[PDB]
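Have a look at the structure below before the remarks.
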Amino acid sequence: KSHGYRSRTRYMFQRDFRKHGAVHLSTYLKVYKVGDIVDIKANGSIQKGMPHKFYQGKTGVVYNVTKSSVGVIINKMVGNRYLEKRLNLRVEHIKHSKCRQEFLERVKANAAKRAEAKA
Amino acid sequence: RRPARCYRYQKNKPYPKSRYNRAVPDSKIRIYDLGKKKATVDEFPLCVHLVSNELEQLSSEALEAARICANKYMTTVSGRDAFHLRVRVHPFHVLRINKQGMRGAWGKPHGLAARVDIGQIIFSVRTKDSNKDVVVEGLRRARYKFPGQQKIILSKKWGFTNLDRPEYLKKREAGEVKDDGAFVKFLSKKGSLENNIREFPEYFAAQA
RNA sequence: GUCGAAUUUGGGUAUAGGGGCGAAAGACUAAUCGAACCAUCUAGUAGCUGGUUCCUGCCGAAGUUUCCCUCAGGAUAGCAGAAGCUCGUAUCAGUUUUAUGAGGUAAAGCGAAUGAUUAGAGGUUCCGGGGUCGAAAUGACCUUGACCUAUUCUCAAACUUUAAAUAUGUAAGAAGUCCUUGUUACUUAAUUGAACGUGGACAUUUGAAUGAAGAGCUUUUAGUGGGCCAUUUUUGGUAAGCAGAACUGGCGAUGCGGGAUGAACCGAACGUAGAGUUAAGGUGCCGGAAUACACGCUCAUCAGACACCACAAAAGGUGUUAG
RNA sequence: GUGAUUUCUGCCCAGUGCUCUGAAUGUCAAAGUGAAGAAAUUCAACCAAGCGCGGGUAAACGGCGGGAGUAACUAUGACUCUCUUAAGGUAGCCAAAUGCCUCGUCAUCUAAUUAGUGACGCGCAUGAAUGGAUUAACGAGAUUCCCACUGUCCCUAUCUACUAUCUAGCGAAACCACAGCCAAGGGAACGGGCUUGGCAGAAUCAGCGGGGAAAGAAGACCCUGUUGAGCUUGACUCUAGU
RNA sequence: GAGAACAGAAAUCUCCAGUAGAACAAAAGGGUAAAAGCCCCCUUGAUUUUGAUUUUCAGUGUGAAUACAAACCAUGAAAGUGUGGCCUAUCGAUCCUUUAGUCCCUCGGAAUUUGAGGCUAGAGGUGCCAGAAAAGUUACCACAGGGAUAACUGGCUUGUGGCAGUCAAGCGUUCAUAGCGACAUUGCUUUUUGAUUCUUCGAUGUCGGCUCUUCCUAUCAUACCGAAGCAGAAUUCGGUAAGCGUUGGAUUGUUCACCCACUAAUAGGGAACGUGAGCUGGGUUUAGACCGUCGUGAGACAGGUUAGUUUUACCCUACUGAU
RNA sequence: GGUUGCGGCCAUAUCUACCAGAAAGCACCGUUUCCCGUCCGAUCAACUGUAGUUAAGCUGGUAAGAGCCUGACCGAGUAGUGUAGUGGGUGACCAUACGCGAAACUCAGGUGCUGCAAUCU
């Protein structure tokens, strides 16, 4: 009925199930990378590392790393045109990804030279 | 009342009108079992039940009339020892009415009915073999009442009744409920007791 | 009605415009009056009505976004048209496929949270209304409530573990890895990394598929902003040919064949022609097409309606038909 | 201002107006005065009216309350209690041209009365020159009766002139997409025009009032418009005048 | 479960042994347990300068909020943390005025001060919150447009009205159904009324009567029949039945309503709520004029009262007749 | 085997009730002179070197038992849903076509337990 900045969020910005408090001090270790692709995922414990709604679920790529807890950024883009907007999120809210085919970049290249000598 | 026009459909999700709709014009059927209660759970077996096949709102008062004429015969030719007519619908959803001379109006509660899912069991009762047609003919009554409806179906179980489970309970001759695990046997199953069992008992837990 | 008196009436004279005159009506003031007449300002103004002139050919819409004393206007995006650049498999997609994320609604669930509600059981249980040896700190049992305890019954837009389908983010082979070192403001104690860059190995690449009338790019300037249909999903409302949302088509902008009949139904998209098959629909007769071929069912109004004002229930039949 | 006479002028000056020498004192403009700077200029004090304070004023505008108790069956109020604003409707007067419910209740006039008239009163909401109540006569004033009279009517009918009508001469206007027969269907939900069906013969006369959602005066009622204009105050904004 | 003296259900006091049921100003939801709650300790970051970000699918400024940079502090032993109240609400352009800022810029013939003007950062108001400075009345009135927008017809729909129907607990003294039927439930009806805004203000003239056909049947009378708690009579219920009838006067503009009478009966109901190109004009709904009642006034009353212009038919069709 | 700082999932993560415990390690425990601390109170806090203990804590085992598992089979190819019809039925609803495709329920094997660095008998 009103349009405040967390509106509708009641279940999106949800929490847990039983993991209902306190950052996994792992989810806190780990190092960014002025290039590595991050995947937003808000968590009410924090609160800059709350990503203002829309950018929920959306995966992008670290463009800033103010690594002093200040997570990175990335952007993404949105509807009509895609005008890519950038958002400075915080270290406790973002997460890695499935660029995990570089595992198959490797698999490829390597197995492919072992294919050179093989052929 | 206002007829059955605010009758069977949807047109409104489900205003169970509790905490949020305070003024629910109190129910209509504050009965439910009206019959040979405190029963044997043996004894009055083989239950015949009344299933409704038609996603409707079997109204409030309506369920009442059900009860009324239900018991009426139930007893009137079989006795206070004969019935036990488990209500088994039950009436949420507070419907409403209407009444700046036409500009935006929500309903004020106006009687509580209930959603007979097409296949659901309604005002369904249970009794001993020698009551068959007794019960049966009777439930007919209702079907003729109450925005029908109608299974007048003969049953089994589980064990809300006899109830087939026939071969079952007729098999759990020996016992009643758990069963369950195997440990603190405080359901006098017979016969020694503890000692023997608690032998065999871990005698297998040990086999692991 | 009045009819010698506040009489009737000619002539002459006086009062002229927000000014006259008026036993008051907003009357009369040259058929003109809740402000005369003439000319001029003056083609007054116009978010509203009306019309808006010759051919064919191409492209082709809006009713929706935001801000306005905007509610019939306007700005502002968005749709179009024109004009053209820059260069030729770069890479592009209202599309699936693999890998990886995001969802809490359908469902499901209350001998799970919460909040509702059935019903009796067991308390070797406590505060009271009924009784008892009973009767004034009567120990002791007692009947209804009062909270457990293992059970029972059924529910939720604004409840819940669990949790779909549809849709929704990314990624893809690959400019990519792999190797060598070099730059200083960065912080590490630095052979610490960071970011950047040199020299060096292999790309046409051994799951992604499928499609390309390239692709990218710049200006500009029309109309539009009153929208309406359907199927599913829904909000209100007894309801509506009612009022309101949500995808997708559609009508408005469109003819063509079906539906007799008709914006939104079905088929089907229009340069001009010949031939051939068909869609949907139909084939006694109007009317092209069989009074075809089969197995049954129905007999005072029995009927012959995919969407529609297109209607018809509960109840009941020794009619007849199978179960 | 009110309206013959006749009678009759209740009580309210707080409100708004008006109006008096009045108030021991507070605002209150321009010039004029003082103070300070180097002046420009900015602070001062006093200062006409006016204001505000005081009084009169209602045949000036206008006003005229409300609830509790409250014996000698019963209901009852001249009783007192009260809270209260100037004052708390006085004579008088009514279902009246004011009365809501109301077709008020009782009479009265009817065979019969939402009419009349006579009554009765916590009268929605009557009332004293806003004039109160009466009232001879006057009335093309409104109502209801009675008598007479009567085609008003029951129930219509016949007669006269003139006109229709038919001829000669004379000869227009309105209006007008094109037209003009029905029944259902659908349709911008009352087709003449479309679909199906009824049907369906030249050419004309007199009448008529169903239809032409017929005709004239860009509909008396409603709304929209950044459209007016006449009146109007304690709306702005000013002005003759004073 | 322990210890009670104003306490003793407890208001409040101290001991002990386990569901996050509490608490976080304020709404609701999120969140939060060595805390984000509570008790203590120490401070003023609610700080300066910017800029970038995020928040309409967002290209518009605003408010709010996020991460940085540079300073300057707090606090801890530290690593940290702190840029306002845990997050999601709690605010404001444009001239003007005031102030805080260097003591910086100019008054244009030069100076000096006084004053004026500027620059950057704020307060002072815009709530219609994208930001005009604004009383009524018109019944005497007026204009341009609105079926985009209401009275009336029609239209859906039928709640509400009306009308039938199933079940059979009941009445009906004996019996459920002769005659009726609670509860509950299915429906028809479009002369109520209510919704709705499609048609018609870029012409539709209201209510009632008067007249005059014509249709419906949910039949009041008349025709024939069936049941009755039907002896006769007198009634009731029902079927075939719309052929045929269904009246006259007070009172009101009345529809209606209410009487007085009559008679076989004195039924209901459609046709634009039939029927002004067919009266009448009483009501309703102009200007005139009373009153009451609201208003200072102008006026205003869906209050009462009285006086107030109903134009046109030759044409087409339809008919009654006529060549 | 413990002990230190740990990651983890942090009910796929504890309860609850009994036991049992060599070696070491921690614990309990001794003690107030200082630093320091009591809304009172050396409990806590901290502050100093061995009189006595495994009794707790801890650790592991028992229940099978309460918790969540983790898997699979009926449950289940359902419930629900993507598309389609000139399909069915007064209606409500429903069926069939291809496609996705659960949850509760129960049957089982787990039990909280892996594992990091440094130590240590």
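Note: ideal-geometry Cβ built from the backbone for every residue, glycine included; neighbour counts use all protein chains shown. Read the figures in this text as sums done on the coordinates, not as results from a lab.
Before moving on, here are some points about what is shown:
- Prolate/oblate/rounded call for the protein assembly as shown, Cα gyration tensor, a/c under 1.5 rounded: oblate
- Separation of the alpha carbons by more than 30 angstrom is noted, of B:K13/B:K36; A:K19/B:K157; B:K38/B:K185; A:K76/A:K113; A:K30/A:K108, for B:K13/B:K36; A:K19/B:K157; A:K76/A:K113.
- Phi-based couplings in Hz for segment B:68-80 (Karplus 6.51, -1.76, 1.60; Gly and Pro marked x): 2, 3, 5, 5, 2, 6, 2, 6, 2, 9, 7, x, 5
- Summarising the amide proton neighbourhood of B:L58: residues at separation of 5 or more, or on other chains, whose placed amide H is nearer than 5 Å comprise B:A114, B:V116.
- Pairwise Cα inverse-distance average, inverted: Kirkwood Rh of segment B:82-178 (Å): 16.8 Å
- Cα-Cα separations in segment B:1-113 greater than 23 Å, expressed as whole percent: 43 percent
- Cross-link pairs beyond the 19 Å C-alpha cut-off, checked among B:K28/B:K128; A:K53/A:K95; B:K37/B:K72: B:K28/B:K128
- Put in order of Cβ neighbour count within 10 Å, fewest first, the listed residues A:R6, B:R141 become A:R6, B:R141.
- Principal-axis tilt of helix A:102-118 within chain A, Cα atoms, nearest 10 degrees: 0 degrees
- What the phi angles of segment A:13-30 give under the Karplus curve with 6.51, -1.76 and 1.60, with θ = phi - 60°, is a coupling list of 4, 4, 8, 6, 2, 8, 5, 8, x, 6, 4, 4, 4, 7, 3, 9, 5, 6 Hz, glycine and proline written as x.
- Estimated vicinal HN-Hα couplings, Hz - segment B:84-98 in sequence order (Karplus 6.51, -1.76, 1.60; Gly, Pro = x): 5, 9, 3, 3, 6, 10, 3, x, 6, 6, 6, 7, 9, 10, 10
- Size check on chain B: the Cα extents along the three principal axes, sorted descending, read 83, 46, 25 Å.
- A straight line joining the Cα centroids of segment A:93-110 and segment B:13-75 runs 62 Å.
- Mean projected area in nm² (Cα convex hull; one quarter of hull surface) for chain A: 11.5 nm²
- Neighbour net charge for B:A65 - beta-carbon separation under 11 angstrom, K R +1, D E -1: +3
- The relative contact order of segment A:1-107 comes to 26 percent, based on Cα pairs under 8 Å that sit 6 or more residues apart.
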